[PDB]
Each structure stands twice: as structure tokens, then as C-alpha cells.
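A.B. asks:
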Amino acid sequence: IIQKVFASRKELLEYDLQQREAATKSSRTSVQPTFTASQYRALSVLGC
Amino acid sequence: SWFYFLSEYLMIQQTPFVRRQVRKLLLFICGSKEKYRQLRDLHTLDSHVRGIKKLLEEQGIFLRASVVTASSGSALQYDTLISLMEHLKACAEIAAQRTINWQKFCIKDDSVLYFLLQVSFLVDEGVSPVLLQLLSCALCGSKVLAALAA
Amino acid sequence: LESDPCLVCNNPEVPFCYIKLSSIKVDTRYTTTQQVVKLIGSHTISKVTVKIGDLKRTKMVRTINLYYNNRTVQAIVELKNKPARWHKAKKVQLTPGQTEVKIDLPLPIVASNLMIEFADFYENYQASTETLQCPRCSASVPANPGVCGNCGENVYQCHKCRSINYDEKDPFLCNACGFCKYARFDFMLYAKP
Amino acid sequence: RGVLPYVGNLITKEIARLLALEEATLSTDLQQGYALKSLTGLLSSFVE
Ligand SMILES: [Zn+2]
Ligand SMILES: [Zn+2]
């Protein structure tokens, strides 16, 4: 049950991140914040 | 120009007749067999690396000077990973067969190994083995891998 | 006897195993040239080995198409819809006379429902279509009306479930039970839960 | 004797800890929120 819950949490978080990114990229004044290779792994669901 | 455009033609799919004739004239023109094999290897690997870089270009992964930067925190999709994997599998096959040519490439183009190391942090766990295999072929060596396989 | 389950210790390294498709099978549907399968749950498939037995020279598959998706459904007919809800995995072409094929997936796929299509057929048109062997008494019957003169039974009816495919007179697979005369197909999976 | 500010401060502190944990990691805890539930119930008991 814990593994199932973890998978569900991961996918819900990834969808929320994608929706937030899509909402942010619509704005023009706000520039996209660049992340280095390590910062991506820190931010993404890779290190979870 | 002859070797360039000739090797460029060899990778284009056609009937076996022209491929056989063009291979024969390749092994004629390029001095000796080691030379034509080396030229094909280097050209193929350069094309594969350009393909990988363009594929990562499409999704916001940019190698500016020597650092790989990403704009999106969202992971990549299955099609992107499969297109990465085809190129990487070709490179891994040739690097595991004739490692000297792969090493010579990595010497000539200095922004390949570090690019692979940086990109290994962004791709999922299913593509790490081939990237690590390329890194080991470049740095660890060929005879060492052969001894380890024993 | 631990309060907080430790992800390191609850997650060991499970290796891949060879599982037959029918063992994970829950529900199936068959059409003239396509097959839809649902498994008991999700699986990480790596290789698919397919065996052909009792094949016929009249017709066999030249190109095999594999599709997958990870959406759980209760009815196969709901997911039978072709375009919207599938992801292509690999296209394999077969030399004539092949009995075993090794569909090797470069990336393991996490799938719950699977789809197998016979995209192209290597066909032998030398077979007589005007006159057909009766499925019941092996009597030669003309194509029209397809009713045997030796026993009064139809020809387009399935040899297994006795269902007549009025739409396609000669389907590769039966539309009711899925019986196939041209060949018999068995599937293997290099997968893990 | 001044126990209401004490309980309120405890509730605020544990809520802040919960938010800080939520921002960073994704681990599960089957006993999460028990202390906050107890403190809120105690405050309601004092308040009714
Ligand atoms: Zn008959
Ligand atoms: Zn039938």
C-alpha cells in the first residue's frame, strides 16, 4: 500500500509541476528560470 | 571533399548494388582499410552526437559553453528517450567494437564526455547504463573491460 | 515491527522473468486482424518472444505492430477504439517462413493493456477461393451461397464457434471467438510486476 | 494561567514544520498530524 501511495504522489506532483510550468510559460514578462544539471535532479522527481 | 560526401552517401539507404560499388571505391580511395573504417566511424559518431544535441535542444536542454542547463523541471517523454537511445546505442556499439576511434573522437571534440556526464543527470534510470558504458569505454579502457568480463 | 516503513528496505531489487501472456491475461477481444488484451495489473515488459505453430502457406504476417497503454479499464470493448488511446512500441517485419520472433524493446515499457496488430500479410493467392472445403464434412462448396451440398452447413462459419462472419467472408481471425486457421500464435514476455 | 497562547504557539510551530516538510520531501508517515489533532482538540476543549 505504501508503494502504491508513493507512486500516486509522484504522478500527482509531476502533473502539478507540468500545469504550473504551462501556466508560467504563458506569461511574457517573467523570464524562464534556468536550472543547471544538478539543480534539475534536485527539483525533478528523480531524487525522491 | 571526396571522403566527406562519399561517407555521407554510404549511410543513406539504397539498393545493395550501389552500396557494394561505393564500398569498393571507398576502400580504394582512402589509402587502406583501417583509414576508411576510421573515417566512417568518426563521421557516424559526429552525426550521432549532433542528433543527440539537437534532440536535447528541442526540449530546452542547452549546452552553452561547457554547462548543460535546463529550463523545465518536468521530465522527458518516451519518444524523446527512445530517440536518445537509438543514437546512444549506435555510439555504444561502435565504441565497444573499436574503442580507439571513439577515443580519438573524444580527443578531437572536447565537449562530448562532459556533455554525456552532465546529461546523465537529466535522463531517467533506463538510459544511465549506456552513458556510463560510453564513459567507461572512453576513460577506463578496452583491455580493462575485457579483463572484467572474464 | 517498525513504525516508519523504510523505502530502502521495502524496495529490494526484483529481477526480470519469463512469463507467458495467458497467465497474466484477464480479458481479451479478437477482430479480423487485431487483438486486444488486458492483464491482471501493470508490468514492466522488456522483450516479447512470439512463436508460430500450425502455420499455413496460404497467409501469414509480414509486419507485426505492438501497442501499449497504462490506463486501467473494466471492459475491453471500451478500449478497443483504435486511434486515441494507444502508444506504439515496436514495428517488426518478418521474413517468410518465420516461426519465432524476438521483439526487443530498447526501453522497458510500463503497460497494463496491450494491442497486437497484423499490419501486413504475406499472402498466397494461389488458394482457390471460388471453391472452398466444407468446415464440417470437407466437401467442395462454391463460394455462393456458401451452403454445403453434402451437409447443408455454411462455409464462412467459424470452425470452432460456428459463427458466420457476414462482413468479412475470409477473416484472418474469427470475429466471435477468435479462432484462426492460418496459424496459431503464442506469446512470451520478459517482464516483472 | 496563560495556556491558550502556549497551545496556539505549539499549533503554529507544528504547522510550520509540516509545511517545511511538505515543500522538500515526499516520504510518508502513518502518524502524521496526530499531535496537531490532539492540540486542536485540547484548544477546543478549553474554548467551548
Ligand atoms: Zn458439408
Ligand atoms: Zn469462432
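Chains as they are written, first to last, in the deposited numbering: chain A, 3817 to 3864; chain B, 3189 to 3338; chain C, 3527 to 3719; chain D, 4203 to 4250. All C-beta atoms in this analysis are idealised placements derived from N, C-alpha and C, irrespective of residue type, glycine included.
Taking 7 Å as the line, does the beta carbon of residue 3707 of chain C fall inside it for any heavy atom of ligand 2?
C.D. replies: Taking the third sequence and counting its residues from 1, one reaches residue 3707 of chain C at position 181. Result no, Cβ not under 7 Å from ligand 2.
A.B. asks: Mind listing the chain D neighbours of residue 3822 of chain A? Cutoff is C-beta to C-beta under 9 Å, in chain order.
C.D. replies: One-based indexing of the first sequence puts residue 3822 of chain A at position 6. Under the 9 Å cutoff, chain D gives 4228, 4229, 4230.
A.B. asks: How about residue 4233 of chain D: is its C-beta nearer than 8 Å to some C-beta of chain C?
C.D. replies: In the fourth sequence, residue 4233 of chain D corresponds to position 31, counting from 1. So yes, residue 4233 of chain D belongs to the interface.
A.B. asks: So if I threshold CB-CB distances at 9 Å, which residues from the region 3237-3249 of chain B count as touching chain C?
C.D. replies: Those residues of the region 3237-3249 of chain B that come within reach of chain C (Cβ to Cβ, closer than 9 Å) do not exist; the list is empty.
A.B. asks: Can you give, in chain order, each stretch of the alpha helix (DSSP H) that sits fully within the region 3219-3284 of chain B and has at least 4 residues?
C.D. replies: Listed in chain order, the complete alpha helix (DSSP H) runs (minimum 4 residues) inside the region 3219-3284 of chain B are 3221-3246.
A.B. asks: Counting contacts by CB-CB distance shorter than 8 Å, is residue 3309 of chain B in contact with chain A?
C.D. replies: By 1-based counting over the second sequence, the position of residue 3309 of chain B is 121. With 8 Å as the cut-off, residue 3309 of chain B counts as an interface residue toward chain A.
A.B. asks: With a threshold of 8 Å between beta carbons, is residue 3844 of chain A in contact with chain B?
C.D. replies: Indexing the first sequence from 1 puts residue 3844 of chain A at position 28. Not an interface residue.
A.B. asks: Enumerate in chain order the residues of its own chain whose CB-to-CB distance from residue 3702 of chain C is below 7 Å, with the five nearest sequence positions on each side excluded.
C.D. replies: For this step, residue 3702 of chain C is matched to residue 176 along the third sequence. Only 3684, 3687, 3689 meet the Cβ criterion.
A.B. asks: Under 8 Å between the Cβ atoms of residue 3410 of chain B and residue 3290 of chain B?
C.D. replies: Given a span of 3189 to 3338 for chain B in the structure shown, any question on residue 3410 of chain B remains unanswerable.
A.B. asks: Please report the residue range of the beta strand (DSSP E) in which residue 3560 of chain C lies.
C.D. replies: Walking along the third sequence from the start, residue 3560 of chain C turns up at place 34. First-last of the beta strand (DSSP E) with residue 3560 of chain C: 3560-3579.
A.B. asks: What does DSSP give as the partner residues of residue 3851 of chain A in its beta bridges?
C.D. replies: Walking along the first sequence from the start, residue 3851 of chain A turns up at place 35. Residue 3851 of chain A pairs with B/3258.
A.B. asks: Ends of the beta strand (DSSP E) at residue 3683 of chain C?
C.D. replies: The residue given as residue 3683 of chain C occupies position 157 in the third sequence. Neither: residue 3683 of chain C is in no beta strand (DSSP E) and is coded neither H nor E.
A.B. asks: Near residue 3227 of chain B, what residues of its chain come up, given a Cβ to Cβ distance below 7 Å and the 5 sequence neighbours on each side ignored?
C.D. replies: Position 39 of the second sequence, counted from the first residue, corresponds to residue 3227 of chain B. Answer for residue 3227 of chain B: 3191, 3195, 3218, listed in chain order.
A.B. asks: Check the Cβ of residue 3837 of chain A against every Cβ in chain B and list those closer than 8 Å, keeping chain order.
C.D. replies: Numbered from 1 along the first sequence, position 21 holds the residue referred to as residue 3837 of chain A. Ordered by position in chain B, the residues that pass the 8 Å Cβ test against residue 3837 of chain A are 3260, 3261, 3262.
A.B. asks: Once the 5 residues before and after residue 3236 of chain B are set aside, which same chain residues still bring their CB inside 6 Å of it?
C.D. replies: Here residue 3236 of chain B corresponds to residue number 48 of the second sequence, with the count starting at 1. 3275, 3278, 3279, listed in sequence order.
A.B. asks: Kindly examine ligand 2 and report whether one of its heavy atoms sits closer than 7 Å to the Cβ of residue 3614 of chain C.
C.D. replies: For the purposes of this step, residue 3614 of chain C is taken as residue 88 along the third sequence, with counting starting at 1. No - ligand 2 has no heavy atom lying nearer than 7 Å to the Cβ of residue 3614 of chain C.
A.B. asks: Distance cutoff 8 Å, beta carbons only. Does residue 3828 of chain A sit that close to anything in chain B?
C.D. replies: For this step, residue 3828 of chain A is matched to residue 12 along the first sequence. Cβ-Cβ to chain B under 8 Å: no for residue 3828 of chain A.
A.B. asks: Taking the alpha helix (DSSP H) that residue 3554 of chain C belongs to, which residues open and close that run?
C.D. replies: As a first step, residue 3554 of chain C must be located in the third sequence, where it is residue number 28. Run containing residue 3554 of chain C: none in the alpha helix (DSSP H); it sits in the beta strand (DSSP E), 3551-3556.
A.B. asks: Quick one: does the C-beta of residue 3695 of chain C sit closer than 7 Å to a heavy atom of ligand 2?
C.D. replies: Here the question's residue 3695 of chain C lines up with position 169 in the third sequence. No, Cβ of residue 3695 of chain C sits at least 7 Å from all heavy atoms of ligand 2.
A.B. asks: Would you kindly work out how many angstroms separate the C-alpha atoms of residue 3628 of chain C and residue 3864 of chain A, rounded to a whole number?
C.D. replies: As a position in the third sequence, residue 3628 of chain C is number 102, starting the count at 1. As a position in the first sequence, residue 3864 of chain A is number 48, starting the count at 1. Going from the Cα of residue 3628 of chain C to the Cα of residue 3864 of chain A covers about 35 Å.
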